[PDB]
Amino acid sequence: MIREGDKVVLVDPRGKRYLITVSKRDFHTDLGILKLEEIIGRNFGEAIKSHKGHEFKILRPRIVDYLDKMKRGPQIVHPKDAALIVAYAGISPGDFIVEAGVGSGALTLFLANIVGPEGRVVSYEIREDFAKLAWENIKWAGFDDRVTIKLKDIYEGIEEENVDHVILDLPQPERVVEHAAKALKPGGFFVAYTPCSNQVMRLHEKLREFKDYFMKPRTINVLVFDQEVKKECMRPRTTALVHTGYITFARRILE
């Protein structure tokens, strides 16, 4: 059963989610006031009603809830891009990742979830304000067990050794190629997300310089179309998010 201090997701009659901590306080919504105390001693799958009689269904928070409801500061990496980073670099339970910059911690949360409680993520960040926001998100999602933030400029070096992956979302990933070459295990991946084609060009210039340290690099971009499926009309949604950034992969190989 659910206890005071536990987190839950409440789903309103419109399907909207609220990720809350269970306490003895009132929670205000546009559908009325909820007495959060009523959740104590209930089980997931049950429901409570607001003072206006609207039902809120109780679910266990999942990674999708934390990602969707986290506090956002610097531009987050979209789940579609995190998905392809994890898929094409083969990111796996138990991996050791160096990430930079932590930003809001959205990519950090996604990677931390995948690596599991015995994996490790060390995220570099130069902006101490952003690092504080990210750390609040990380603690909130319960991933302070496996994530550390370093307030260090990663262009100056990577301290960690025998790293499975170096995953980058910062302006000049070319400034990290040499450090990543040193830090990565044989067969580990360097991955960089970059909004601009200019950045892809600069990164590939640096990867060509370091050609004997990596397998052939690959750059992709991912588009996800939503479909509208009504009884009498299936068609793609009219508008889509067609660009976030390019993703470049290079697998480390010795000599």
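Throughout, we count residues from 1 along the sequence that is shown.
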Higher-scoring stretch by recorded Cα B factor average, 82 to 90 or 118 to 126 = 118 to 126
query = In the PDB record, does 220 to 228 or 205 to 213 carry the higher mean Cα temperature factor?
reply = 205 to 213
message = Sorting by Cα B-factor within the chain, modelled residues only, which third would residue 26 end up in: lowest, middle or highest?
response = highest
message = Test of reading the entry: by CA B factor among the chain's modelled residues, which third contains residue 140?
response = highest
message = Lowest, middle or highest third: which one holds residue 104 when the chain's residues are ordered by CA B-factor from the entry?
response = middle
Record-listed C-alpha B factor of residue 243: chain third = lowest
task = Could you look up the Cα B-factor of residue 251 in the entry and say which third of the chain it sits in: lowest, middle or highest?
result = lowest
